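Take a look at the structure below.
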Amino acid sequence: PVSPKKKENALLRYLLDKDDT
Amino acid sequence: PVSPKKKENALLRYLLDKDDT
Amino acid sequence: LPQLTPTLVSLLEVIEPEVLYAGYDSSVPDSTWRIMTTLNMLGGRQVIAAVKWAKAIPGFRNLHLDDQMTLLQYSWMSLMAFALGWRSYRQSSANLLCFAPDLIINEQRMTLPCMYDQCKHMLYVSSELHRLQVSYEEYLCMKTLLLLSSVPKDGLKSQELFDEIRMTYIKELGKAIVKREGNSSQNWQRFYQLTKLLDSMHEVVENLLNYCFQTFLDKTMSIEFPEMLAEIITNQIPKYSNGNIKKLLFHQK
Amino acid sequence: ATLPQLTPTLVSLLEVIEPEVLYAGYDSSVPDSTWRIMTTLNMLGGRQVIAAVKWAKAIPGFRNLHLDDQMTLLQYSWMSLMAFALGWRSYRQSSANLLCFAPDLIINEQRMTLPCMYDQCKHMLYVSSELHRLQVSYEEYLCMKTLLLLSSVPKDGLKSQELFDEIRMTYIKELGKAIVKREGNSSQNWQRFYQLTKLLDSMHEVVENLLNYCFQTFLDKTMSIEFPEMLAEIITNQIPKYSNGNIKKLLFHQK
Ligand SMILES: C[C@@H]1C[C@H]2[C@@H]3CCC4=CC(=O)C=C[C@]4(C)[C@@]3(F)[C@@H](O)C[C@]2(C)[C@@]1(O)C(=O)CO
Ligand SMILES: C[C@@H]1C[C@H]2[C@@H]3CCC4=CC(=O)C=C[C@]4(C)[C@@]3(F)[C@@H](O)C[C@]2(C)[C@@]1(O)C(=O)CO
């Protein structure tokens with residue numbers, strides 16, 4: 001159903017995807 | 001002889017003589 | 001003496017992020033406002049470090065990405081509060097809150113206008129770690145557990161794997177206990193007490209969150225929060241306070 | 001009758017007169033540097049020495065010695081006292097892993113790797129590691145530090161020598177009482193007394209190194225490293241005779 005305040009944790013997701021070095 | 005200490009640290013001497021309050 | 005084989009707790013230790021400093025200028029008078037603000041800045045950097053940490057935890061990355069965010073969102077305060085208590089207990093026997101070895105809340109700062117009202121709970125966890133004389137390994141396992149201390153009431157898209165991982169670390173906590181004690185009776189008592197500390201963590205977090213949200217939603221106070229914390233806080237604010245979240249516990253009240 | 005202290009103990013006195021730790025008020029918001037770290041530490045040293053004077057005057061019998069001896073003792077062991085206290089806070093605050101000049105100012109791995117920092121800190125870490133290795137108790141520590149104040153006298157004694165030796169022997173005994181109190185097994189009471197007293201003796205050797213490094217820096221405007229009013233006068237004071245062989249270093253063991 002509804003869930004206002006969407007796209008609230010964009011930064012966190014980014015940090016969880018990358019990595020390797 | 002000679003006590004050449006005359007001078008060196010009148011600050012400490014001062015600090016060691018007065019604590020009542 | 002050559003084990004040359006990593007254990008689950010051995011890997012949990014090498015990934016433990018190193019303590020970071022707040023780069024606080026203490027050459028000028030303190031003030032509640034400035035300290036809370038510097039600590040918030042430090043909080044963001046710690047949570048960011050907590051992300052790389054969580055990602056290195058065996059099994060965490062193989063959970064749905066959404067759940068990875070859920071767990072970190074649902075326990076960022078517990079993780080930081082627990083870490084803080086740990087350093088305080090280690091550095092000064094839980095007498096001083098050691099947010100970072102260079103920024104410590106001494107007695108003088110503790111008496112500031114609003115310092116104690118909020119620090120008392122941080123001190124609580126620090127006190128408990130001292131009381132129980134928690135070892136490093138036990139501490140490591142417990143902290144991992146806090147990351148898996150609560151989930152949304154319904155489940156995670158990978159709940160199946162979640163409970164499996166959580167189970168593994170509960171048993172990991174058991175192993176730490178057995179090789180620190182010496183006997184066997186006080187092993188289960190140990191487990192009882194340690195798991196009891198984790199349970200109470202939920203309550204300490206609740207009080208810290210209330211305060212965090214309060215100061216976050218009142219700029220007359222003027223306290224600032226960095227990107228990471230601001231982003232997370234705004235997300236949690238509503239869903240949290242109500243009580244639409246399931247807090248996992250080892251001992252039911 | 002009722003106790004603790006309705007009839008105070010000598011070591012109980014040392015505990016209450018122990019000055020509390022001071023914070024350097026260092027600005028860590030901007031990058032560090034050998035020059036800035038040291039200067040901040042010197043200023044801190046000035047205030048710590050000032051507190052040491054107030055501390056010394058509260059030590060029963062100390063200020064009954066001629067006023068000049070009071071001045072001599074502090075000038076002859078301000079480094080030993082400060083370095084010993086440093087090692088103590090380092091040992092207690094981080095198991096002698098780091099140097100805790102102040103609970104808010106710690107010479108971490110990053111700062112330890114600076115240019116001249118390790119060659120200096122090296123000797124300081126030694127005393128901390130030693131306190132950690134021997135698991136020195138707070139009480140034994142209080143007595144030992146007091147003994148450090150009375151660890152070096154002139155080559156002709158003091159103007160109140162008779163009283164001095166009496167005070168020193170009084171605290172040597174106090175140290176022994178701390179050792180006995182710390183344990184129930186008297187088996188190795190004398191063995192521990194040997195270790196602790198041996199450590200005290202070694203302080204002379206670490207002080208010398210820290211001091212040579214203190215004078216060399218003081219006398220080098222090129223290095224631009226400030227010393228507060230307090231330290232400046234004491235360094236310029238001792239600097240001449242802390243080389244020619246005017247001071248007699250008291251030792252518990254000769255060997
Ligand atoms: C009482 C709360 C709880 C606090 C936090 C508790 C956990 C924590 C541990 C740290 O090692 C550094 C910062 C944090 C992450 C924190 F200390 C700061 O952020 C300030 C904080 C939110 C708080 O003081 C405020 O709400 C101030 O706005
Ligand atoms: C190596 C020496 C020994 C140092 C001192 C050792 C004892 C000490 C302990 C402290 O808790 C704070 C400052 C002092 C009192 C000190 F750390 C500083 O003054 C700097 C110092 C003199 C020194 O680093 C320098 O001479 C560089 O200027």
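Note that these values count all heavy atoms, side chains included, but never hydrogens, waters or copies made by symmetry. Convention: sequence-line order gives letters A, B, ...; per-chain numbering from 1. We count ligands from 1, going down the list as the structure has it; atoms in each ligand are counted the same way.
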Report the nearest protein non-hydrogen atom to atom 25 (C) of ligand 1: residue, atom name, distance rounded to 0.1 Å.
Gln118(C) OE1, 4.0 Å
Would you mind checking which non-hydrogen protein atom is closest to atom 8 (C) of ligand 1, with the distance to 0.1 Å?
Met80(C) CB, 3.9 Å
Looking at ligand 2, would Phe227(D) count as a contact under a 4.0 Å heavy-atom criterion?
yes
for atom 6 (C) of ligand 1, nearest protein heavy atom and its distance come out as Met77(C) SD, 3.7 Å
Closer than 4.0 angstrom, basic N to acidic O: yes or no for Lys145(D) and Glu18(D)?
yes
Report yes if the side chains of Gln93(D) and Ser92(C) come closer than 4.5 Å at any heavy-atom pair, otherwise no.
no
Is the count of non-hydrogen atoms from other residues, nucleotides or ligands lying under 6.0 Å from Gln216(D) atom CD greater than 12?
no
Report yes or no: does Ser126(C) contribute a side-chain atom to a donor-acceptor pair with the main-chain N or O of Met122(C) at less than 3.5 Å?
no
Students should be able to answer this: which protein heavy-atom is nearest to atom 2 (C) of ligand 1, and at what distance?
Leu208(C) O, 4.0 Å
Look at ligand 1 and say whether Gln214(C) reaches it with a heavy atom at a distance under 4.0 Å.
no
Tell me, yes or no, whether the heavy-atom count around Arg13(A) atom CZ, taken from other residues, nucleotides or ligands under 6.0 Å, exceeds 12.
no
Any atoms of ligand 2 less than 4.0 Å from a non-hydrogen atom of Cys214(D)? List them with their elements.
22 (C), 26 (O)
In ligand 2, the atoms that come under 4.0 Å of a heavy atom of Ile225(D) are 28 (O)
More than 12 non-hydrogen atoms from neighbouring residues, nucleotides or ligands closer than 6.0 Å to CD on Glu109(D), yes or no?
no
Does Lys247(C) offer a backbone N or O that forms a donor-acceptor pair with the side chain of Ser150(C) under 3.5 Å?
no
Within 4.0 Å of some non-hydrogen atom of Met38(D), the atoms of ligand 2 are 27 (C)
If we set the cut-off at 4.0 Å for heavy atoms, which region of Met230(D) has an atom near ligand 2: side chain, backbone, both, or neither?
neither
Nearest-neighbour protein heavy atom for atom 28 (O) of ligand 1, which is reported as residue plus atom name and distance:
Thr215(C) OG1, 2.8 Å
Counting from 1, what ligand 2 atoms have a heavy atom of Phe101(D) closer than 4.0 Å?
10 (C), 11 (O), 12 (C), 17 (F)
I need the nearest protein heavy-atom contact for atom 3 (C) of ligand 1: residue, atom name and distance, please.
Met122(C) CE, 3.7 Å
Between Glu231(C), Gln73(C), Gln236(C), which is the residue that forms a side chain to side chain donor-acceptor pair (under 3.5 Å) with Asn9(A)?
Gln73(C)
Taking only non-hydrogen atoms of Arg89(D) and a 4.0 Å limit, the atoms of ligand 2 in range are 11 (O)
At under 4.0 Å between heavy atoms, which part of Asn42(D) makes contact with ligand 2: side chain, backbone, both or neither?
both
Is ligand 2 less than 4.0 angstrom away from at least one heavy atom of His123(D)?
no
Could you walk me through whether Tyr24(C) and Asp104(D) pass the side chain to side chain donor-acceptor pair (under 3.5 Å) test, one step at a time?
CA-CA 10 Å; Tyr24(C) 179 79; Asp104(D) 81 313; over 6 Å; no
Look at atom 10 (C) of ligand 1 and say which protein heavy atom is nearest, naming residue and atom and giving the distance to 0.1 Å.
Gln46(C) NE2, 3.3 Å
Does a donor on one side chain sit under 3.5 Å from an acceptor on the other, for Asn97(D) and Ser95(D)?
no
Please tell me if the side chains of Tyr169(C) and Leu147(C) come closer than 4.5 Å, counting only heavy atoms from C-beta onward.
no
Looking only at heavy atoms, is any part of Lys120(C) under 4.0 Å from ligand 1, and if so is it the side chain, the backbone, or both, or is it neither?
neither
Can you tell me which residue and heavy atom of the protein come closest to atom 14 (C) of ligand 2, and the distance to 0.1 Å?
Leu41(D) O, 4.4 Å
Does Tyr23(D) offer a backbone N or O that forms a donor-acceptor pair with the side chain of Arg47(D) under 3.5 Å?
yes
Quick one: which ligand 2 atoms are inside 4.0 Å of a heavy atom on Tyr213(D)?
1 (C), 26 (O)
How would you list, by chain and number, every residue that makes a ring-ring contact (aromatic ring centres under 6.0 Å, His included) with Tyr138(D), sequence neighbours excluded?
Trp88(D)
Between ligand 1 and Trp76(C), is the shortest N or O to N or O distance under 3.5 Å?
no
